[PDB]
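Asks: Quick one: this structure, given as C-alpha cells, is what I'll be asking you about.
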Amino acid sequence: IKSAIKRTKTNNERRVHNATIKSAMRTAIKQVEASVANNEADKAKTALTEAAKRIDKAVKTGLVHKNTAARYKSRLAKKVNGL
Amino acid sequence: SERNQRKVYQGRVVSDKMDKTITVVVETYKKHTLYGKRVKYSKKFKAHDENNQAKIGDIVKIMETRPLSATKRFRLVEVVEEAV
Amino acid sequence: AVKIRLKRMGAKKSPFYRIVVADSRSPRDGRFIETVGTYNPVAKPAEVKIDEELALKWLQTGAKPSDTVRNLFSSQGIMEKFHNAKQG
RNA sequence: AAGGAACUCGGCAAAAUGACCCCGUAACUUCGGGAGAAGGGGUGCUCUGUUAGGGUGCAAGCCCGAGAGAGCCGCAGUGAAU
RNA sequence: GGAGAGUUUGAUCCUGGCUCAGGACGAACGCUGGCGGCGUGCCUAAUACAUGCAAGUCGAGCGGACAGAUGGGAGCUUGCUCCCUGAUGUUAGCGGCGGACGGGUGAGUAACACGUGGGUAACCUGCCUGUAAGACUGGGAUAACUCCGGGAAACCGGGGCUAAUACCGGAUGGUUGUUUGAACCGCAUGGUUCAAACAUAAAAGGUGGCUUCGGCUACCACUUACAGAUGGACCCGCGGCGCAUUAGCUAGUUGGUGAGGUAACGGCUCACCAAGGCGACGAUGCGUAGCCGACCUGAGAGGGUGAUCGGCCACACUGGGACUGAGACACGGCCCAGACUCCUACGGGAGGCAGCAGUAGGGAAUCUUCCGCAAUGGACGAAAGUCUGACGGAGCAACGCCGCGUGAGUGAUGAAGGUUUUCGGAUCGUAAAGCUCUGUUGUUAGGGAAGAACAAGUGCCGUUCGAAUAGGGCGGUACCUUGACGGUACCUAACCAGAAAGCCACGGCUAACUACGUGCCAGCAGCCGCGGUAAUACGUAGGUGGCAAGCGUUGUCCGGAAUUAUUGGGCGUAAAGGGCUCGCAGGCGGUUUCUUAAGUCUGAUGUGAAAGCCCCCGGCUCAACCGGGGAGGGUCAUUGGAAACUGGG
RNA sequence: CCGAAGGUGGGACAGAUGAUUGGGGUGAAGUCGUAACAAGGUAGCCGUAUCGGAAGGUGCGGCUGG
C-alpha cells in the first residue's frame, strides 16, 4: 500500500540472488569436506582456495559477516591441514 | 592501563557430583528495609573445577567469568581451607 | 548520527530551547547524551547561553549541528574556534 | 454398497480386540488393588555387523541379538493360524 | 513537625470496634455557571472500524518518455499545421537511501522485564567525524519501452531491446584464515604489538570550471583498515507481590567430550556418557501485575498509585515463519494458518486505526472527520526544495490549578416589603433608593509585537586544495528574504452599574435559628439517632454560617487509627501463654587479651539522566507556570583510614 | 527434519447451574417448656460418652470463674 511494493519486489530479487551466492558458498565448503573425507591433497587445496574465494566474495557483497566467515574458513583450514 | 576487575567471592562447596564443577554457598548477609535487623541468606553458585580438585565442605574463592554453560558463570581461584 | 540540536522546553505560547547533544534517532524532547546551555528566542533582545568548551568537545568527535544551532555557535563564535582548530 | 442396534424380551448370535516391546493410566480403595484401567506408538526385509553386549571354548568356530542409522518394497509387515 | 469527637452504663473507668471532622483525583453525578493563563481530557472492550490523511525522497546514479522552442525550413485560406535538439519544466521504471526513527497501546510478561551497580580477554554498530592507503581492466543480463498470450479483476507469462553509482568476472591490497618466529602482559579460557609466506577480499562514478583533448582539479559519492562517537547485544550482585486450604518440582532438565549454530558465550541446537539440578532462605503451581523517575497522603516511618511528562520493555486482528537491510524476525513490509469484513464473471482476490481526527459498541464517564510545516526536530537531496496527523497551533469540556470579576465611596426615611414579636419593637440594614464616581471586565473603533535564528542567493576578507588569480570547500562579516496561529496576546480612545452567584448547612461533633405545616405519616441520617399535636434534626419561609464560579453528593486512596504498634500496642480477670516435654534448623552469647576487618563509622572517586519535590534568583501585569543556579536521595561500585562494639581466628 | 493450527484421548483446575437437602442470620406481642443469671429453686462450666420434642438430663474426670 504505502509504496513498499518496490521494496517487496527488490526484496524478492535480492532474495533470489543472495540465495544463489549462499548456495554456491555452501557447495564449495561441502566440496572441501568431501575432499577431506576422501583423503586427497591437491584437489582439497584447490577446493579450499575455491571455498575461501566463495566465502570472502559472499562477505564482500552481503550478509555472511567476517566473524562467521572466519568460523567457516578456520574450520576448513584446520580440516585440510589436519591431513 | 590495567583492565577492569571481575567480581570475586569466597564460599563453601555443597556438591562435587557434577562433572568438573561444584556449587558454592556464599553466606554474605544483610539487613531489612523495615525492621533493620541483619538476617542471613545463602547463595549457591555454579563454579568450574577444571582439575576437579575440590571436596564438600571446602572454603574456596571463585572468580566470575563468561557463562561457561547453563547456570555456570564462575571458576576457581584459590582453594583456601580443606574439609576435615 | 550525533547531532547538537535544540530541545524544546517551556510553556505553551512561550518556547525555550536547551541546546542538547542528541541523536537523530531519539525524540526531540526525549533522551539525550549531554547538554550545553540554552536558547531564549522569546526575549525581545538576544540571550543565548552556550557552554563553549564542551560544545567544542562534541564538535570534534563528530557531531554536526542543525542550522539554527550552527548559527548560534557562530553568534557565540565556536565555529571560528573549530575552524582555527582545523587550520591547526 | 449406504446405514449402522433402527432388530430385539434382551447386542442372543455374529462382528470387533486378541502376540511381543515401549509410553501412559482415573474414580474409589480394606492400601494390596482397580490394572493387561483406559488411550497411544513400533514391529517386515537389506546393508552398516560373525556388532554393542553376553554363553561355551585355550583359541578357532558355534548359539543368543538390545539398540541405532541409513535405505528398499507392498493396500497391508504379530502380512497365515490362534 | 504530631489537636480529636460521638457511641457499650442507672452512673463510671478501662479494653474494643464502628462513625465523623482533612487532603487528593485522567474522576463521574446533581444544582449552578463570567472571562483569561497554564495543564489535562476512553481508567471501560488489547471491542469492531466507513472516510481522510499518518513515509517518502534524490534527474548532480541510470535508460526511456512527455512537453517546449533558440535558431532551420515547410504548405496554403491569414485561420493556421510541422520537424530539426536550445535552455527549460514533468517523472510510470531501474537504482540508492529511508521505511527498524518518529507517533499509539499496556493485552502479555513475576524474570535480568525494570531500577541500581558492575563485568564482556565473548560481542555487533549504517549514517557522522579524524587519519592512512586507494580507486585499475573487462564482461554479461534485466525493468522501462514495445509485440504477442492469458486473466472478472488482482495481475501474470512468452519472445524482442537497453543503461547505470545495478549485478558479475579480473588485476592490485597492511582485512580475514592458515603456518612458522619473536617481544611484552594477564583473570582460567587468554591479551596486545612486530615480521614472513600461503589463500582470497576491494572500489563507481556524477556535477561545475579550467584546457594543448592525453588529461588536471574541487565538491559529493565509492573501497579497505584504525580510532572516536553513537546506537545495539549478552551476562552477573542487589531490589521492588499475594496465596502453603500450592510441598515436592525438573529430564535438554543438571554437568562432561565432540560437532553444528550465533555478531558473540552458552543445552542455544544434536550425538555419546554421567545422575545430576531447585527446594521451607519457599522450588513448583495458581492469582494478580508493564517496571521506574515520579504522584497522592502522612510529623515521619510508611501506605496507596504507575494518568499526563521522561527512560527501558513488550505488543501491532491471533499463532508461526523467514526475507531484505548496518540494525527487524518489521504498527501503516512479506509468506502461511484461523476468525471476521468486502469484492467476484465462482476460478480467485483485497483488508487490518492499540498512528492523528472521527464512527459504532461497552460504560457513571472522557473531545475536532481543523489550520501549518512559520518555528524545533526527523528522512532524502549537492542544494533549492519535497514529505512529516511528530511537532507548532486551533476547536470542544469548570475536567483541574491559578488569577480578575458580578461594582465602589457616602448614605437613617432604619423607606416599601418579607420574617418574627411578650405587639414597645427586633431584624433583613447603609444593605436599597439619594448624592458622587471608576471601567478590569462588556461593547464599539483604531494602532500593533517578541515567537525570525535562518536556509538558499549574492558581494567581500582570511585560509586549504589546485597546474593555476579557474572553481569549490571551511570560518567571519555585509545585504536581501521567510508567520498557520493572526490583526491573536497587547496598547489606546468612547459609553452605561449597565451583561454577570450560586451551592450546601444551621441538635452535638461542627461555624450557623427562629417561625408555619406535618404528626412514628411524609420523611432525614455519616454517627449519636430525629419525627407518635407545642419538631432549632422532617418540608417551606426568613435568617445565619461556610465557601465561592464554584458548591454538594458519590466512588477509591492515605491520614485520623498508637487500629498490624520498626518508630509505636499487647496475653492473671477485657481478644491473646502452645497441655507439657526432648530437641534439629534458626536466633541470642560470661570474662581478659592479641589479631582480622565481613557488619559499623569516616574520606576520596564515579554514578543515582532531563523534568518533579526543596533552596536561591529571574521573566511572564501577579499567580499558576516558565526559566536559570544549586541541593537532596544507594545496605550502590572502586578505593583509603579507625578498631570501641557485633562477627572471624 | 523442525513446525503453527487442527484432530483424537485421558486427567487437573475454575465459574455457573441442579430435583432435593443441612446448618446459619433476620423478622409482625405465634406454640411448647424454663436450661442459665440469686443457693436461679438439682451450684454452674470444661472435655468426653450416652439418651431425650426442645432447652437439656445423666455418667466419668477436672475447675471456681461457689
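Asks: Scan the stretch B:19-64 for residues that are farther than 20 Å from residue B:78 by Cα and in contact with a strand residue (DSSP E or B) (Cβ under 8 Å, 6 or more places away or on another chain) and jot them down.
Replies: B:29, B:30, B:31, B:32, B:37, B:38, B:39, B:40, B:41, B:42
Asks: Taking the criterion of being in a helix (DSSP H, G or I), free of Cβ contacts under 8 Å to residues at least 24 places away in the same chain, away from every other protein chain (no Cβ under 14 Å) and polar (S, T, N, Q), would at least one residue in the stretch A:69-77 satisfy it?
Replies: Yes, the stretch A:69-77 contains a residue that is in a helix (DSSP H, G or I), free of Cβ contacts under 8 Å to residues at least 24 places away in the same chain, away from every other protein chain (no Cβ under 14 Å) and polar (S, T, N, Q).
Asks: Name the single residue, out of those in the stretch C:31-52 being within 7 Å of RNA strand E (Cβ to nearest atom) and surrounded by fewer than 11 Cβ atoms within 10 Å (Cβ to Cβ), that is nearest to the other protein chains (Cβ to nearest Cβ).
Replies: Among residues in the stretch C:31-52 that are within 7 Å of RNA strand E (Cβ to nearest atom) and surrounded by fewer than 11 Cβ atoms within 10 Å (Cβ to Cβ), the one nearest to the other protein chains (Cβ to nearest Cβ) is C:31.
Asks: Looking at (1) in a loop (DSSP other than H, G, I, E, B); (2) more than 6 Å from RNA strand E (Cβ to nearest atom); (3) without any contact (Cβ under 8 Å) to a residue 60 or more places away in the chain, which one does residue C:55 not meet, given that it meets all the others?
Replies: That leaves (1) as the condition not met.
Asks: Please work out which residue is farthest from residue C:7 (Cα to Cα), limiting yourself to the stretch C:58-88 and to residues that are in a loop (DSSP other than H, G, I, E, B), near RNA strand E (Cβ under 7 Å from one of its atoms) and not hydroxyl-bearing (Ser, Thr, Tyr).
Replies: C:87
Asks: Mind checking which residues of the stretch C:1-30 are among the hydrophobic types (A, V, I, L, M, F, W, C), near RNA strand E (Cβ under 6 Å from one of its atoms) and under 22 Å from residue C:78 (Cα atoms)?
Replies: Once the filter is applied, which keeps residues that are among the hydrophobic types (A, V, I, L, M, F, W, C), near RNA strand E (Cβ under 6 Å from one of its atoms) and under 22 Å from residue C:78 (Cα atoms), the stretch C:1-30 yields C:1, C:2, C:6, C:16.
Asks: Scan the stretch B:41-64 for residues that are surrounded by 17 or more Cβ atoms within 10 Å (Cβ to Cβ) and either over 16 Å from residue B:83 (Cα atoms) or within 8 Å of RNA strand E (Cβ to nearest atom) (or both) and report the count.
Replies: 7
Asks: Evaluate the following for residue A:57: is it part of a helix (DSSP H, G or I), of a type in the set (D, E, K, R) and in contact with a helix residue (DSSP H, G or I) (Cβ under 7 Å, 6 or more places away or on another chain)?
Replies: Spelling it out, it is not the case that residue A:57 is part of a helix (DSSP H, G or I), of a type in the set (D, E, K, R) and in contact with a helix residue (DSSP H, G or I) (Cβ under 7 Å, 6 or more places away or on another chain).
Asks: When you look at residue A:55, is it more than 14 Å from chain B (Cβ to nearest Cβ), within 8 Å of RNA strand E (Cβ to nearest atom) and exposed (fewer than 12 other Cβ atoms within 10 Å of the Cβ), yes or no?
Replies: So residue A:55 fails the test.
Asks: Restricting the search to the stretch A:23-51, which residues are away from RNA strand E (no atom under 11 Å from the Cβ) and either among the basic types (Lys, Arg) or within 14 Å of chain C (Cβ to nearest Cβ) (or both)?
Replies: Listed by number, the list holds a single entry, A:43.
Asks: Let me ask something else about it. Cβ-Cβ distance below 9 Å, separation of 6 or more or different chains: which pairs start in the stretch B:24-42 with a residue that is free of Cβ contacts under 8 Å to residues at least 12 places away in the same chain and in a strand (DSSP E or B) and end on one that is among the basic types (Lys, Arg) and more than 6 Å from RNA strand E (Cβ to nearest atom)?
Replies: B:31/B:37; B:38/B:31; B:39/B:31
Asks: Take residue A:20 and tell me if it is near RNA strand E (Cβ under 6 Å from one of its atoms), polar (S, T, N, Q) and either within 14 Å of chain B (Cβ to nearest Cβ) or surrounded by fewer than 16 Cβ atoms within 10 Å (Cβ to Cβ) (or both).
Replies: When the stated conditions are applied, residue A:20 does not pass them.
Asks: Return the residue satisfying two criteria in turn: it lies in the stretch C:53-78 and is over 20 Å from residue C:40 (Cα atoms) and in contact with a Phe, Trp or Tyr (Cβ under 9 Å, 6 or more places away or on another chain), and of such residues it is surrounded by the fewest Cβ atoms within 10 Å (Cβ to Cβ).
Replies: Among those residues, the one meeting the criterion is C:60.
Asks: Kindly provide the set of residues from the stretch B:21-40 that are more than 24 Å from residue B:5 (Cβ to Cβ), surrounded by fewer than 10 Cβ atoms within 10 Å (Cβ to Cβ) and out of contact with any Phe, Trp or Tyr (no Cβ under 6 Å at 6 or more places or on another chain), ordered by number.
Replies: Within the stretch B:21-40, B:32, B:33, B:34, B:35, B:36, B:37, B:38, B:39 meet the criteria.
All Cβ positions, even for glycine, are placed from backbone atoms using ideal geometry, and neighbour counts span all protein chains on display. Read-outs: derived from the displayed coordinates by stated rules, not from any lab.
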